[PDB]
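Engineer: Quick one: the structure is below, questions incoming.
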Amino acid sequence: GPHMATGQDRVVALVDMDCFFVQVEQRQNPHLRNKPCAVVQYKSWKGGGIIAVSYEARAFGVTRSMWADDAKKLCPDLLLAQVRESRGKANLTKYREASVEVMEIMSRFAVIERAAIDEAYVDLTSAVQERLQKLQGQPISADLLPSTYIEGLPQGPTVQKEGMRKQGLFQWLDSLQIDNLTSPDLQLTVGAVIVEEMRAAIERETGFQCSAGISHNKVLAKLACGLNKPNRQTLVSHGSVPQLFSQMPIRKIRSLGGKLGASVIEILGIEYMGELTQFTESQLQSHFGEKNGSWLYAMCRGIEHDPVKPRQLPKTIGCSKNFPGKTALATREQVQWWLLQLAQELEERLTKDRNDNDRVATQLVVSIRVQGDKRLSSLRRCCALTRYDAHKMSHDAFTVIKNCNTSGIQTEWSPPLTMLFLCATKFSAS
DNA sequence: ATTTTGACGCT
DNA sequence: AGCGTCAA
Ligand SMILES: Nc1ncnc2c1ncn2[C@H]1C[C@H](O)[C@@H](COP(=O)(O)OP(=O)(O)OP(=O)(O)O)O1
Ligand SMILES: [Ca+2]
Ligand SMILES: [Mg+2]
């Protein structure tokens with residue numbers, strides 16, 4: 001009752017760019033705008049692997065992970081843009097730079113946590129308080145929320161999409177108490193007004209559209225964001241949680257899409273997030289551990305305390321290349337040449353990072369996979385990163401992996417290498 | 001033969 | 001530290 005926390009103490013948003021790499025390529029090449037199109041890396045093997053797909057192309061069934069040759073079978077007029085290739089490998093620089101454009105705009109509104117190349121969480125609690133003080137008891141107009149959905153509404157006693165959206169928004173705004181500056185629902189609504197402004201700024205200043213979720217924590221904001229993609233935002237209130245979770249597959253909640261989620265389903269014999277409420281906290285801890293159990297117990301009630309971390313920049317800078325099938329590296333010269341290629345890209349990115357962000361990486365992580373090994377990585381070894389020099393970094397990586405070559409003949413490498421990975425970590429201010 | 005990334009947890 | 005999980 002009066003002491004049961006309800007996890008309504010924050011306003012958190014999650015902004016996720018729509019079909020991001022596709023929009024970057026469509027901004028650059030207007031011929032691709034409003035077309036079924038996809039972004040592909042490489043081309044020789046089955047037309048290249050698709051990594052991003054416009055919504056027009058998704059209507060034909062085109063998906064990520066599909067080979068372009070296969071996507072063309074579903075969508076013969078599919079347009080394709082290829083990822084840049086530099087030093088023999090795919091180079092994602094254009095998308096990292098576009099990401100910086102968006103992150104820098106979002107940071108004008110609030111502290112952000114960069115969650116991925118095209119997603120950031122926003123802690124809007126303070127901005128909401130300020131905006132509520134400015135508003136001075138003034139009601140919030142539907143015109144301030146032109147792309148907002150209120151999850152769960154309309155309800156109770158038009159057949160078009162926008163009509164339903166407006167009916168739900170009208171019900172929501174009709175039922176708010178605007179004089180109570182401590183109302184969580186009012187706080188979320190002001191949050192959504194701010195997110196409309198943030199999304200408009202992103203689109204105005206970059207050309208890119210995005211979706212967003214607004215709720216009281218990161219997990220619900222993320223879930224909310226996906227409910228009405230693309231180019232829309234969704235408010236998930238605390239009160240919407242029981243109905244929303246009553247038919248929500250467990251795997252849809254962030255962190256439960258893999259083995260742990262499968263084990264929750266198997267061990268407990270349930271399917272939906274809401275079914276978790278019938279277990280005690282101790283029961284969940286007994287099956288899934290102290291941390292996961294407490295997290296599950298609160299999360300299924302819509303409560304999560306994970307903070308929006310103040311971090312706009314990635315914590316690592318990495319370069320990776322697979323060598324599948326017959327391309328596996330089988331000679332010392334091959335391994336050294338590709339380590340150099342990776343190291344040269346890493347050097348270029350690190351030097352730019354040091355100039356832009358006043359920091360230096362101090363550790364180099366080298367990871368490889370050997371042909372035959374079932375694990376993704378066969379070996380992961382660190383060494384010191386003391387100079388931004390590609391030849392030195394490639395030599396040091398070779399030094400830390402050379403003992404993996406079983407072959408008695410020095411010129412041959414066995415078992416052949418199917419993956420090389422260099423990652424700069426442990427940044428210090430400079 | 002999706003590939004190329006990142007973050008964080010465990011021991 | 002090195003390995004594993006989960007997510008763009
Ligand atoms: N598995 C992957 N491998 C390589 N790149 C990926 C992968 N998944 C996503 N990306 C890249 C391309 C995407 O445009 C970008 C953002 O990913 P993601 O948010 O999951 O999808 P998306 O932005 O393309 O579409 P949308 O968010 O509208 O559903 O990251
Ligand atoms: Ca996205
Ligand atoms: Mg994303």
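Labels for the structure tokens follow display order: chains A, B, ..., residues from 1 in each chain, ligands from 1.
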Write out as number ranges by chain which residues come within 10 Å of residue 326 (chain A) when counting only C-alpha atoms (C1' of nucleotides), dropping same-chain ones fewer than 2 positions away.

Structural biologist: A: 323-324, 328-330, 416, 418; B: 1

Engineer: Store the residues picked out above in a file with N, CA, C and O atoms (P, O5', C5', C4', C3', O3' and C1' of nucleotides), as an mmCIF file, in the first residue's frame.

Structural biologist:
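Once written, result_11.cif looks like this:
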```cif
data_model
loop_
_atom_site.group_PDB
_atom_site.id
_atom_site.type_symbol
_atom_site.label_atom_id
_atom_site.label_comp_id
_atom_site.auth_asym_id
_atom_site.auth_seq_id
_atom_site.Cartn_x
_atom_site.Cartn_y
_atom_site.Cartn_z
ATOM 1 N N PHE A 323 36.843 -14.794 -42.075
ATOM 2 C CA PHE A 323 37.481 -15.402 -43.240
ATOM 3 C C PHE A 323 36.843 -16.773 -43.428
ATOM 4 O O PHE A 323 37.386 -17.800 -42.997
ATOM 5 N N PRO A 324 35.655 -16.815 -44.023
ATOM 6 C CA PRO A 324 34.878 -18.055 -44.061
ATOM 7 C C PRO A 324 35.370 -18.992 -45.155
ATOM 8 O O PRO A 324 36.039 -18.586 -46.107
ATOM 9 N N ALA A 328 39.937 -18.813 -45.321
ATOM 10 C CA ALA A 328 40.622 -18.892 -44.036
ATOM 11 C C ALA A 328 42.119 -18.694 -44.231
ATOM 12 O O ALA A 328 42.708 -19.170 -45.204
ATOM 13 N N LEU A 329 42.738 -17.989 -43.292
ATOM 14 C CA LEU A 329 44.140 -17.612 -43.420
ATOM 15 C C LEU A 329 45.061 -18.774 -43.066
ATOM 16 O O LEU A 329 45.027 -19.280 -41.940
ATOM 17 N N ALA A 330 45.887 -19.190 -44.022
ATOM 18 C CA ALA A 330 46.682 -20.402 -43.886
ATOM 19 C C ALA A 330 48.182 -20.163 -44.006
ATOM 20 O O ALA A 330 48.951 -21.124 -43.905
ATOM 21 N N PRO A 416 43.825 -23.112 -39.887
ATOM 22 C CA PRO A 416 43.619 -21.809 -40.532
ATOM 23 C C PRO A 416 42.747 -20.902 -39.673
ATOM 24 O O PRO A 416 41.877 -21.366 -38.929
ATOM 25 N N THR A 418 39.831 -18.235 -39.113
ATOM 26 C CA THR A 418 38.569 -17.839 -39.726
ATOM 27 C C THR A 418 38.064 -16.488 -39.228
ATOM 28 O O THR A 418 36.981 -16.060 -39.636
ATOM 29 P P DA B 1 31.155 -21.476 -42.917
ATOM 30 O "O5'" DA B 1 29.996 -20.414 -42.602
ATOM 31 C "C5'" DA B 1 30.246 -19.018 -42.746
ATOM 32 C "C4'" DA B 1 29.062 -18.314 -43.389
ATOM 33 C "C3'" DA B 1 27.951 -19.236 -43.877
ATOM 34 O "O3'" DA B 1 26.743 -18.502 -44.039
ATOM 35 C "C1'" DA B 1 29.099 -18.364 -45.724
#
```

Engineer: List as a tab-separated table every residue of chain A that is in contact with ligand 1, defined as an atom at most 7 Å from one of its atoms (using only C-alpha atoms and all ligand atoms), together with the nearest atom pair and the distance in Å rounded to one decimal, sorted by chain and then rising number.

Structural biologist:
```
residue	atom	partner	partner_atom_place_in_ligand_line	distance
A:16	CA	ligand 1	27 (O)	6.0
A:17	CA	ligand 1	23 (O)	5.3
A:18	CA	ligand 1	28 (O)	3.4
A:19	CA	ligand 1	24 (O)	3.2
A:20	CA	ligand 1	14 (O)	3.8
A:21	CA	ligand 1	14 (O)	4.0
A:22	CA	ligand 1	14 (O)	6.3
A:51	CA	ligand 1	5 (N)	5.0
A:52	CA	ligand 1	24 (O)	4.5
A:53	CA	ligand 1	24 (O)	6.1
A:117	CA	ligand 1	30 (O)	6.3
A:118	CA	ligand 1	16 (C)	5.4
A:229	CA	ligand 1	28 (O)	6.6
A:230	CA	ligand 1	28 (O)	6.2
```

Engineer: Compute the chain B side of the contact with chain A at 8 Å, counting only C-alpha atoms (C1' of nucleotides), and hand it back as a list in words.

Structural biologist: residues 1, 2, 3, 4, 5 and 6 of chain B

Engineer: Specify as number ranges by chain all residues of chain C found within 8 Å of chain A, counting only C-alpha atoms (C1' of nucleotides).

Structural biologist: C: 2, 5-8

Engineer: Could you write out that same residue set with C-alpha atoms (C1' of nucleotides) as a short mmCIF file (atom, residue, chain, number, x, y, z; two decimals), in the first residue's frame?

Structural biologist:
```
data_model
loop_
_atom_site.label_atom_id
_atom_site.label_comp_id
_atom_site.auth_asym_id
_atom_site.auth_seq_id
_atom_site.Cartn_x
_atom_site.Cartn_y
_atom_site.Cartn_z
"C1'" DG C 2 39.69 -14.51 -20.44
"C1'" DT C 5 25.64 -13.64 -23.05
"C1'" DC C 6 22.80 -10.40 -25.29
"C1'" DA C 7 21.94 -6.90 -28.21
"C1'" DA C 8 22.58 -3.34 -32.84
#
```

Engineer: Could you pull out all residues of region 43-206 of chain A with a DSSP call of helix (DSSP H, G or I) and give them as a PyMOL selection string?

Structural biologist: chain A and resi 55-58+68-74+93-106+125-135+142-144+161-174+184-206

Engineer: Write out as an MDAnalysis selection string the residues lying within 8 Å of residue 425 (chain A), counting only C-alpha atoms (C1' of nucleotides) and excluding same-chain residues fewer than 2 positions away.

Structural biologist: chainID A and resid 315:317 361:365 423 427

Engineer: Could you write out the selected residues, including C-alpha atoms, as a PDB file, in the first residue's frame?

Structural biologist:
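Final output, saved to out37.pdb:
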```
ATOM      1  CA  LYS A 315      33.903   2.570 -24.560  1.00  0.00           C
ATOM      2  CA  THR A 316      35.813   0.512 -27.140  1.00  0.00           C
ATOM      3  CA  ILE A 317      36.930   0.908 -30.748  1.00  0.00           C
ATOM      4  CA  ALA A 361      43.224   3.828 -25.343  1.00  0.00           C
ATOM      5  CA  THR A 362      45.736   1.884 -23.255  1.00  0.00           C
ATOM      6  CA  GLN A 363      44.977  -1.793 -23.940  1.00  0.00           C
ATOM      7  CA  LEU A 364      44.837  -3.754 -27.203  1.00  0.00           C
ATOM      8  CA  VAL A 365      42.667  -6.883 -27.222  1.00  0.00           C
ATOM      9  CA  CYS A 423      39.893  -3.910 -30.108  1.00  0.00           C
ATOM     10  CA  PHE A 427      40.618   4.762 -22.281  1.00  0.00           C
TER      11      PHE A 427
END
```

Engineer: What is the CA of residue 25 (chain A) to CA of residue 81 (chain A) distance in Å?

Structural biologist: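 These atoms are spaced 6.8 Å apart.
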